[PDB]
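Only one chain is given next, in structure tokens, and it is the form deposited in one PDB entry.
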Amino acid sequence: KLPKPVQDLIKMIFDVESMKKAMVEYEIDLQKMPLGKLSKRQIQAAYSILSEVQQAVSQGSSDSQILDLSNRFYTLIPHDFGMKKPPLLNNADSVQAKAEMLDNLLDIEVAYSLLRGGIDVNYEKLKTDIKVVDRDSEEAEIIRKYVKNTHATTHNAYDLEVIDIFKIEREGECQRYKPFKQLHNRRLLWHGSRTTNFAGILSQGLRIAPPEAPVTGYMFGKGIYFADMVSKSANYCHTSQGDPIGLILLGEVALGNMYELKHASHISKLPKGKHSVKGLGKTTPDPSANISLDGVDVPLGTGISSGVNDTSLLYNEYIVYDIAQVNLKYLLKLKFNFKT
């Protein structure tokens, strides 16, 4: 009954094929730990094992206090390690991969638990209004200016192809966002993610990392992270040429007084007065070219110098610390054409 490209979208983000493939990747044992068996106790409780483990990554527990811990992680999240003894979780390079693993499992769990309980039926459980923006229109044309124009040259692994442009209103967000709709400095910014996560995103909104989750890797702490160049968000689609179709959001995020840092602070509470963090990049879109939809900054100028030496970022990052500061506006279906 819905339009074709929206029916395809729901078959993309509820594809049980993708989910199983994403666990064979992470070397999870699907015999002991199938899709159904993924519960929310475990991921929180696995995260928990990546408190204590990290809680002795800087002291370095010693195997007397590591082995048992590194062990007790595999009780809940079993793995299938070829023929080589299980990689012992005793470094921050290891706990990174596992941090990103549970980060993904959590939304794969959301996707199943929605599909399993009670393609128009799966649309219902996304609790999101999904409407097609039409190619030839203007709304269509200023989204494409932004995608072609703010492609960064450091990101030369792919050309960016727009397939479908959807308009999105998640149930309850409009109300949640009224308080921040009157805040100054509001931007339509990019947010990329794995398509296995999008079941979780559309249904639950963009969340901040749970408190059980590790220290660092989080440059500007546990917040919702946006970019102004599509490439930077495009990269967190983690698409191979095996699966060359990604999903990237546009968000209205109400940034207000941006706290402007040029190196990592694990920001735990924002300064009285500040509403977001702005990681200052080397390159920033032509601020000349910044356009205005409905009292929202659409920064779609091409890359020029910010002029700003003495940053650890090649490109800007926006972070909020309140889920209510985001109001998701569009969802884009992209093809990744690769260059080698």
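Start at 1 and count along the sequence shown; that's the residue number. The term rigid core refers to the most C-alpha atoms you can superpose between the two forms while keeping them within 1.5 Å.
Counting the deposited residues that fall between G118 and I119 and carry no coordinates gives a value of 4 to 9. Taking the PDB entry as given, 64 to 72 carries the higher mean Cα B factor of the two stretches 64 to 72 and 310 to 318. On average the C-alpha atoms of 19 to 27 have higher B-factors than those of the other stretch, with 19 to 27 and 326 to 334 being the two compared. If you compare the C-alpha temperature factors of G172, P86, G251, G256 in the entry, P86 comes out highest.
Each of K40, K278, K282, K274 has a CA temperature factor in the record; the biggest one is found at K40. In the PDB entry, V296 places in the lowest third of its chain by CA B-factor. Per the deposited record, the Cα B-factor of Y123 falls in the middle third when ranked against the other modelled residues of its chain. For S193, the recorded CA B-factor ranks within the lowest third of the chain. Only modelled residues enter the ranking. In this PDB entry, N290 carries a Cα temperature factor that places it within the lowest third of its chain's modelled residues. For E260, the recorded CA temperature factor ranks within the lowest third of the chain's modelled residues.
Absent from the display: the form deposited in another entry. The rest refers to it.
With the core fitted between the shown form and the other one, just one of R176, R72, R207, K127 shows a Cα displacement of at least 2 Å, namely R72. In this overlay on the rigid core, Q54 has a C-alpha that sits 2 Å or more away from its partner position between the shown form and the other one. Once the rigid core is overlaid between the shown form and the other one, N235 does not reach a Cα shift of 2 Å, moving by less than that. With the core held fixed, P244 shows a CA shift below 2 Å between the shown form and the other one.
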